[PDB]
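Report on the following structure.
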Amino acid sequence: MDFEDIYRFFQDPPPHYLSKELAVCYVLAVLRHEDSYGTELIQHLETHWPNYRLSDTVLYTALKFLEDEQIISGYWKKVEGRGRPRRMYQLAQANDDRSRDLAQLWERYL
Amino acid sequence: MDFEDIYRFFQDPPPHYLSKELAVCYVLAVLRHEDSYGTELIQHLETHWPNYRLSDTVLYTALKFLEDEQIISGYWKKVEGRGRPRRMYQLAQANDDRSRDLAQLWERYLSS
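Residue numbers (the authors' numbering), protein chains in the order written: chain A, 23 to 132; chain B, 23 to 134.
Now the structure itself:
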């Protein structure tokens, strides 16, 4: 323990990993603006909201929930230069106040 | 999970245990107003700032640091109707008031 290490923590504290509940609301906040995919949802968090991180396990949990609830749907998309397609997600509906409200819990949490 | 979990999470998330760094600043914020003791420092944190908790492990890390750096000192106090004495803590007299700066870091963190 030492003073440099203290103001360190305060000037640039380490991030927290999202819980499944936060992850659901984050993912919805993103998809309300653009379709996305797992790798990007993780990376976008680190770049846009660097006090937070998202693991593959929690991301999967959130996506499975949102699919089970029919709030999002998945689709395959080509990736230039690659044979293997990419699994994209989009909001399942045009108008869904549930997705809007959940996204708003994220923006209010922040 | 279900949607009720979600709203319930946002209404009352699990509290965050203080890191050793935040615990040093919290303890100093307390001691700038009053002498205190371990069990009180832990309880006071939860009662006044319920989004946080302090463990005995992290508290004793913080207290040992602050004693080793000569910012705080301890003394023994007699508790009514009890054999076991109580270790109290207070800011030591010093020229360089290290506690102000660190206490500020707590309060600023709270508003952030």
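Note that beta-carbon positions come from the ideal geometry of N, C-alpha and C, so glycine has one too.
Quick check on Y48 of chain A: buried or exposed, where buried means 16 or more other Cβ atoms within 10 Å of its Cβ? buried
**OP:** If I'm right that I93 of chain A touches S121 of chain A with Cβ under 8 Å, what's the distance once you round it to whole angstroms?
**Re:** 6 Å
Could you tell me the alpha carbon to alpha carbon distance between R106 of chain B and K99 of chain B, rounded to whole angstroms? 9 Å
Report task. With distances taken Cα to Cα, identify the nearest neighbour of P35 of chain A among A:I64, A:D78 and A:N73. Result -> A:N73
Q: Please go through the same chain and pick out, in chain order, the residues whose beta-carbon is closer than 7 Å to the beta-carbon of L124 of chain B, but skip the five residues on each side of it.
A: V46, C47 and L50
query: What residues in its chain sit with their C-beta under 8 Å from that of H38 of chain A, if we drop five residues either side in the sequence?
result: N73, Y74 and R75
One question on the structure: do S95 of chain B and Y82 of chain B come within less than 9 Å of each other, judged by their Cβ atoms?
no
task: Report back the beta-carbon spacing between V52 of chain A and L44 of chain A to the nearest angstrom; my notes put them in contact at under 8 Å.
output: Contact flag wrong, Cβ pair sits at about 13 Å.
Which residues in chain B have a C-beta closer than 8 Å to the C-beta of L127 of chain A? List them in chain order. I28, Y29 and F32
Collapsed DSSP secondary structure at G60 of chain B in the structure displayed = helix
Do you know how far the Cα of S77 of chain A is from the Cα of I28 of chain B?
18 Å
Looking at the structure shown, is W71 of chain A part of a helix, part of a strand, or coil, going by DSSP?
coil
Mind listing the chain B neighbours of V46 of chain A? Cutoff is C-beta to C-beta under 7 Å, in chain order. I28
Exercise. Name the DSSP bridge partner or partners of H38 of chain B?
Worked result: B:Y74
- Endpoints, the alpha helix (DSSP H) within which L124 of chain A is located: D119 to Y131
Cβ-based neighbour list, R54 of chain B, same chain, cut-off 8 Å, excluding 5 preceding and 5 following: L113, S121, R122 and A125
In the structure shown, what three-state DSSP assignment does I93 of chain B receive?
coil
Here's the rule I'm using: 16 or more other beta-carbon atoms within 10 Å means buried, otherwise exposed. How should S41 of chain A be labelled? buried
query = Could one say the Cβ of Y74 of chain A lies closer than 9 Å to chain B's Cβ atoms, at least one of them?
reply = no
Query raised in the report: Which one or two residues does DSSP pair with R109 of chain B in a beta bridge?
Result: B:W98
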